Each structure stands twice: as structure tokens, then as C-alpha cells.
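Here are the chains, one letter per residue:
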2 protein chains.
Amino acid sequence: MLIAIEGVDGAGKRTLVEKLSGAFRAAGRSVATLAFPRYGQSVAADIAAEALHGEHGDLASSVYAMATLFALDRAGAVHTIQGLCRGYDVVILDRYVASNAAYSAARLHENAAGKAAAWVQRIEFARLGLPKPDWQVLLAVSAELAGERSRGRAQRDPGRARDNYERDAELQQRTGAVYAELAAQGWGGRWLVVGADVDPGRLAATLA
Amino acid sequence: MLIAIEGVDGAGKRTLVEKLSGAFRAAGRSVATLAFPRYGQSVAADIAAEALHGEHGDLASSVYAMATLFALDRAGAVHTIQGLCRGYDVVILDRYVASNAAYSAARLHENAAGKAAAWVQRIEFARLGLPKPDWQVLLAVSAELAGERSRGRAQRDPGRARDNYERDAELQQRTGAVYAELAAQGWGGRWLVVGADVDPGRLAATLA
Ligand SMILES: Cc1cn([C@H]2C[C@H](O)[C@@H](COP(=O)(O)OP(=O)(O)OP(=O)(O)OP(=O)(O)OP(=O)(O)OC[C@H]3O[C@@H](n4cnc5c(N)ncnc54)[C@H](O)[C@@H]3O)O2)c(=O)[nH]c1=O
Ligand SMILES: Cc1cn([C@H]2C[C@H](O)[C@@H](COP(=O)(O)OP(=O)(O)OP(=O)(O)OP(=O)(O)OP(=O)(O)OC[C@H]3O[C@@H](n4cnc5c(N)ncnc54)[C@H](O)[C@@H]3O)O2)c(=O)[nH]c1=O
Ligand SMILES: [Mg+2]
Ligand SMILES: [Mg+2]
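Conventions used here
- Residues numbered from 1 in each chain as written, not as in the entry; some residues may be left out.
- Chains lettered and ligands numbered in written order.
- Heavy atoms only, no water.
- Residues with missing side-chain atoms left out of burial classes, pairs and counts.
- UniProt positions renumbered as here; feature names shortened; annotations may be inferred.
- Near = heavy atom within 4 Å.
- Polar contact = N/O pair within 3.5 Å; in protein donor to acceptor, adjacent residues only side chain to side chain.
- Helix = DSSP H or I, 4+ residues; strand = E, 2+ residues; numbered from the N terminus.
- Nonpolar A, V, L, I, M, F, W, Y, C, P; charged D, E, K, R; others polar.
- Salt bridge = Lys/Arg side-chain N within 4 Å of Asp/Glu carboxyl O.
- Buried < 20%, exposed > 50% of the residue type's maximum accessible area, 1.4 Å probe, protein only.
- Contact = heavy atoms within 4.5 Å.
- Least-squares fit on C-alpha atoms.
- Donors = N, O, S within 2.8 Å, 3.2 Å for Na, K, Ca; no water.
- Pairing = 2+ DSSP bridges.
- Axes fitted to C-alpha atoms, helices over the stretch in contact; angles between N-to-C directions.
- Buried area = accessible area lost by both parts, 1.4 Å probe.

In terms of determination method and resolution, the entry is listed under X-ray crystallography at 2.45 Å.

In the annotation of the PDB entry, chain A is listed under the name Thymidylate Kinase and assigned to Mycobacterium tuberculosis. The title given for this PDB entry is "CRYSTAL STRUCTURE OF MYCOBACTERIUM TUBERCULOSIS THYMIDYLATE KINASE COMPLEXED WITH BISUBSTRATE INHIBITOR (TP5A)". According to UniProt, the comment filed for chain A under the heading Catalytic activity is "dTMP + ATP = dTDP + ADP". Note on chain A: under the UniProt heading Subunit, the record states "Homodimer."

Structure, rendered in C-alpha cells:
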């Protein structure tokens, strides 16, 4: 089974991916994880973030370029994903294709039914042939509270800092909104909108 | 030996690569070719050109994004290039890293000593570890005459058309200028500035 955890920055995905990765393990089913972007493994992923940190000329100023880099990263991750799906019983992804739709759409003040989202559908699932997730958990958390975790995170870590997207609050809010629309319409597969107080034990029982 | 043929659009590279690929063969040395962008083999190469043909939102509007795609293409071509260098006696490239420097710089009205060119040096040779060519032949042809070949080419072929770069004459002219500066300063390796009337037989005798 292929599960993808989605949500704005500082929402708690990394951790949910941890508490859920353990909930399934307490069930005999082997679990595997992979987080996107694949920093260090994908040059495109690295170039994308460094750009989000102010590098590589006018790169980040192009919504579609930034989207392409995150697609090209995953593209190089197709055999790997499939392998994981074959080997392990469960595979959890910290961010997946839905992220490109949510952020790209939000950057263009478009809604889930917009062109950017449709564009991500066409390039990633259809064209790059990236497997669609059996499940997409939208860890929904207010844009204000989520921003607080992003700010605290940058403050608690010396070699760290929010990027162009995390500094843009209105972007975070619109992405939250689009994430909500995508889940309602079950974009790329079925969605489950949980919360911070979601019980991993059950959530994992739901993911069958 | 690794040779790269460089030059503006409609300069005659594709053909020179042909007349030269045969000149070496008439010398017992095996020859191999590869043309960049690697259409069909590199998604990034395809996304780059389709963008140059008006697709993928605001992609092409970012000089560095377009540059990155052409870099990521070649990146995926590192083991292949090296293999070719090991196997064959001669390897000719229809466009290489110098192209990213020349066009990116020209798009930004920068000169060869500018930031875009230095950026291509840092990312491709240094970072992606793409091998530097023993030779870089700058097939120099007036921007006016070269534009004529691009226009004629699009006219003689039904499923074809000049792209954003080929339609931009001033861009073609500035690229020619920057190509000239790069050759004089021997960017990325040594350069040989020939001409349309260059004798393949000799040119190949020069490439030792
Ligand atoms: C997968 C995906 C993501 N996104 C968007 C969503 C996000 O806004 C953004 C980053 O994706 P992310 O949500 O995983 O979030 P990050 O902040 O990147 O991830 P982390 O949770 O790991 O952040 P940290 O800040 O803890 O960790 P760090 O390791 O410092 O990560 C930052 C990276 O950015 C670059 N970076 C960091 N510091 C840098 C510096 N000083 N100079 C240059 N580059 C720098 C490096 O490449 C580093 O790996 O990408 C999309 O639009 N589409 C997609 O398909
Ligand atoms: C390698 C490199 C190149 N460039 C710049 C230089 C050029 O301005 C431009 C194209 O690179 P090119 O010089 O090889 O030139 P092309 O015109 O791409 O090559 P050809 O000589 O093969 O052109 P043709 O027009 O004969 O052939 P075609 O096969 O039609 O090539 C066009 C491609 O563009 C897309 N395309 C073509 N028609 C399309 C259409 N209708 N809709 C969408 N996309 C379309 C497709 O991906 C196709 O492969 O890229 C850089 O800036 N940096 C680099 O590192
Ligand atoms: Mg982030
Ligand atoms: Mg061309």
C-alpha cells in the first residue's frame, strides 16, 4: 500500500509520518518511508530548495520551474518507489505529487480545479508515470499555528531558516485552502483529512 | 577525445558534426556522437523545448530554470558520456555545456565573463561533474545568415517551427557575441573558431 502524507509547512507531517510508521509496525506489517524532496539524492531537489533559499538567479520566480524540479526529483524516484511497494507492506511518503498541485496552485491564486493542479496531474501521474497513492492524508492545521512551528523551527536550529514559501504566510493560507479542495474531490486517489490530535493507532487502522 | 561543436541556431552544427564524424572515420579512429538536448531520453530536455514552444506556464520565462533543465539533461548523461569516451576513440557533441553559458548570458545581456556563465561553470563541471571537452569548435556564422537557416528550416518542415530563442534575433546576435568571448578566453577547455567553409578533413587533423 502507498500512503502519502500531505499538508502545509510546519503542519507536523514529519512527526505524523513517525507516529504512523510505528503504529503499523505494531501490526506485523513492515513499513517504509521516503520524504520528498529527496535532498542529497536529487540534484533537482537540491537546486529547488537552494533556489527557495535565494539562489540560482530567477529560478524560484517561476512557479512551473519549481514544480518541474519537484517532479523531476520524483521521476528519478519511480523505480525506487515501486521497489518499496513490492518489498514492504506499507510505504509512507512525507509529501508527494499532491504537494506540487497545492503549492503551484496557491502560488498562482488558483483553486484545486485550476490549471496548475491539472498540469501536475498530466505530467506526474500520466507522463512520468508516478504511482498514485492508495491514500493521501491531509494533516490539516490552521495556517497561523502552522506558521508558528515553521518560525520556531528556524529559530531553534542554527544552520536553518524558513524559505520563500514558509515566509509567505498568504501563500501558506491559500495552499491550506487548495489542499482542502483537493481532498474533497479526492485528487489523485482517496483522501483522509485528519488533525493534530489524530490518533495514530486508529488512523493506521483506517489505512487498510 | 571529447569534442563539442558549438554555435547559434541554424549555424550548421548538425551537419558539421556529420562531415567531421566522417573525416575522422577516414582515419581509423572510431567516432561517436550525441546531441544535446537529448530529446526523448531526457524528460527535462523535452520539458525545456516544449516550454520554448510555448508550454508549461511561466517556465521558459526563467533563464536559470531553462538552464537547469539543460544541465539536468546532461547530468543524466554523465555515465553515458564517460562510457563513450572509454569505448570510442573520438566523441563529438552537437552542443554541450558552453551552450548554457552562451544562451543564458545572452538572455541576460551579460558577457562571457558574467554571472550566468560562471554559474554554468560551477553547476555543470564542478557540481554535476560533467567532463570538460578537449575541444570546443565554435562554428561562427553571421546572426543574419544563421537566422535564414532557422527560418528556412521551419518553412521546409510541416511538423516544425522555430522556438522562442530562434525567433529572437537580438538574442541570437548577443549569443554569437558571447560565444566569441568564451572561445577567446578558452572557457571550459580550448576552442577553435572555424567557419562554414571549414574543411572537415583538416579540422579533424587539428583535433588531435
Ligand atoms: C515535494 C514538494 C514540495 N514543494 C514545496 C513545499 C515546501 O514549501 C517546499 C520545501 O519542501 P518541504 O516542505 O519538505 O520543506 P523543507 O523546509 O525543505 O523541509 P525540512 O522540513 O527538511 O526543512 P529544514 O529547514 O528542517 O531542513 P534543511 O535540511 O535545512 O532543508 C533545507 C534545504 O534547502 C537548502 N538550503 C538550506 N539552507 C541553505 C543555505 N544557507 N544556502 C543554500 N541552500 C540552503 C538545502 O538544499 C537544504 O537541503 O517545497 C512543492 O511545491 N512541491 C513538491 O512536490
Ligand atoms: C544544449 C543547450 C541548448 N540551449 C538552447 C539552444 C537552442 O536555442 C535551444 C534548443 O536547442 P537546439 O539548438 O538543439 O535546437 P532545436 O531547435 O531544439 O533542435 P533541432 O535542430 O533538433 O530542431 P528541429 O526544429 O529540427 O527539431 P524538433 O525535433 O522539432 O525539435 C523541437 C523539440 O521541441 C519540442 N516541440 C516541437 N514542436 C512542438 C509542438 N508543437 N508542441 C510542443 N513541443 C514541441 C519537442 O520537445 C521537440 O523535440 O536550447 C541552451 O540554452 N542550453 C543548452 O545547454
Ligand atoms: Mg518547508
Ligand atoms: Mg535551436
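The structure having been displayed, the exposition proceeds.
Trainee: Lay out the site of ligand 2 in plain terms, naming residues and giving numbers.
Mentor: Residues and elements named next belong to chain B. Near ligand 2 there are 21 residues, and of these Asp9, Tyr39, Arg74, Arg95 and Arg160 occur at the shortest range. A distance of 2.6 Å separates an oxygen atom of ligand 2 from a polar side-chain atom of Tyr39. Residue assignment for the shell around ligand 2 shows that the elements contributing at least two residues are α2 (43–52), α3 (63–75), α5 (97–107) and α8 (164–167). Split into classes, the residues belonging to the shell around ligand 2 amount to nine nonpolar, three polar and nine charged.

Trainee: Just give me the short version of the pattern of salt bridges, but keep the residues and values in it.
Mentor: If charged atoms from side chains of opposite charge come close, those side chains can pair. One pass over the structure, following the stated rule, counts ten salt bridges over all chains. The salt bridge partner of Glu50(A) is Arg127(B), with a shortest N-O separation of 2.8 Å. Of this pair, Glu50(A) sits in helix α2 (residues 43–52) while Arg127(B) sits in helix α6 (residues 115–127), each in a different chain. On the basis of relative accessible area, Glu50(A) is assigned to the partly exposed category, the value being 21%. On the basis of relative accessible area, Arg127(B) is assigned to the partly exposed category, the value being 34%.

Trainee: I'd like a description of the UniProt feature "binding site: dTMP" in chain A, backed by residues and values.
Mentor: Residue and element names in this part refer to chain A. Under the feature "binding site: dTMP", the UniProt entry names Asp9, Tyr39, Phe70, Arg74, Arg95, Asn100, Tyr103, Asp163 and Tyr165. Assignment of secondary structure puts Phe70 in helix α3 (residues 63–75). Residue classification places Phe70 among the buried residues on the basis of a relative accessible area of 13%. Sequence-distant contacts of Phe70, that is, excluding residues within four places in its chain, are made with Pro37, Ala48, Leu52 and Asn100. Residue position: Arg95 is located in the loop between β3 (90–94) and α5 (97–107). Look at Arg95 and you get buried, because its relative accessible area is 12%. Apart from residues lying up to four places away in sequence, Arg95 is in contact with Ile5, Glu6, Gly7, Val8, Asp9, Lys13, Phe36, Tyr103 and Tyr179. Polar side-chain contacts of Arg95 include one of 2.8 Å to the side chain of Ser99.

Trainee: Lay out the relation of the copies chain B and chain A with the relevant residues and their values.
Mentor: The operation relating chain B to chain A is a screw motion whose rotation component is 180°, with 0.0 Å of axial translation and a residual RMSD of 0.0 Å. Both copies are brought into coincidence by an operation consistent with a two-fold rotation axis. Both copies share a contact surface, since 100% of the interface residues of chain B are interface residues in chain A too.

Trainee: Can you explain the coordination of the magnesium ion (ligand 4)? Please cite residues and give values.
Mentor: Residues and elements named next belong to chain B. Around the magnesium ion (ligand 4), the donor atoms from the protein are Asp9 (OD) and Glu166 (OE), and they sit 2.0 to 2.3 Å away. Taken as a pair, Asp9 in the loop between β1 (2–6) and α1 (13–25) and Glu166 in helix α8 lie far apart in primary sequence, 157 residues in all. Taking relative accessible area as the criterion, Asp9 reaches 13% and is therefore assigned buried. Judged by relative accessible area, which is 19%, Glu166 ranks as buried.

Trainee: I'd like a description of the sheet that holds strand β4 (residues 135–138) of chain A, backed by residues and values.
Mentor: Residues and elements named next belong to chain A. If you trace the five strands from one edge of the open sheet to the other, you get β2-β3-β1-β4-β5, paired in parallel fashion. The open sheet has two free edges, formed respectively by β2 (31–35) and β5 (190–193), since each of these has just one partner strand. Ignoring which end each strand starts from, the neighbouring axes of this sheet average 20° apart. Sheet topology places β2 next to β3; five bridges connect them, and they run parallel.

Trainee: Let's hear about the pairing of strand β3 (residues 90–94) of chain B: which residues, and what values?
Mentor: Counting buried positions over the five residues of β3(B) gives five, a clear majority of the element. Residues of β3(B) alternate between two faces, with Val90(B), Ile92(B) and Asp94(B) on one and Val91(B) and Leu93(B) on the opposite face, all of them buried.

Trainee: Give a detailed account of the pairing of strand β1 (residues 2–6) of chain A, specifying residues and quantitative values.
Mentor: Residue and element names in this part refer to chain A. Of all five residues in β1, five are buried, a share of seventy percent or more. Burial of β1 is two-sided: the residues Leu2, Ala4 and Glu6 facing one way and the residues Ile3 and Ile5 facing the other way are all buried. In this sheet, β3 lies alongside β1 in parallel orientation, the contact comprising four bridges. Note that in β3 the partner of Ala4 across the bridge is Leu93. Strand direction decides the pairing type here: β1 and β4, joined by four bridges, are parallel. Bridged to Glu6 within β4 is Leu138.

Trainee: Which residues make up the interface of chain B and chain A, and what are the values?
Mentor: Across the boundary between the two partners, chain B contributes 21 residues, which contact 21 residues of chain A. For the pairing of chain B and chain A, the buried interface totals around 1600 Å² over both sides, and the portion due to carbon and sulfur atoms is 66%. If you sort the residues of chain B by the area they bury against chain A, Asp58(B), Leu72(B) and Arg127(B) come out on top, with a joint share of 29%. One can count two salt bridges joining chain B with chain A. Listing elements by their share of the side of chain B that touches chain A, those giving two or more residues are α2, α3 and α6 of chain B. The greatest single-element share of the side of chain B that touches chain A, amounting to six residues, is contributed by α3(B).

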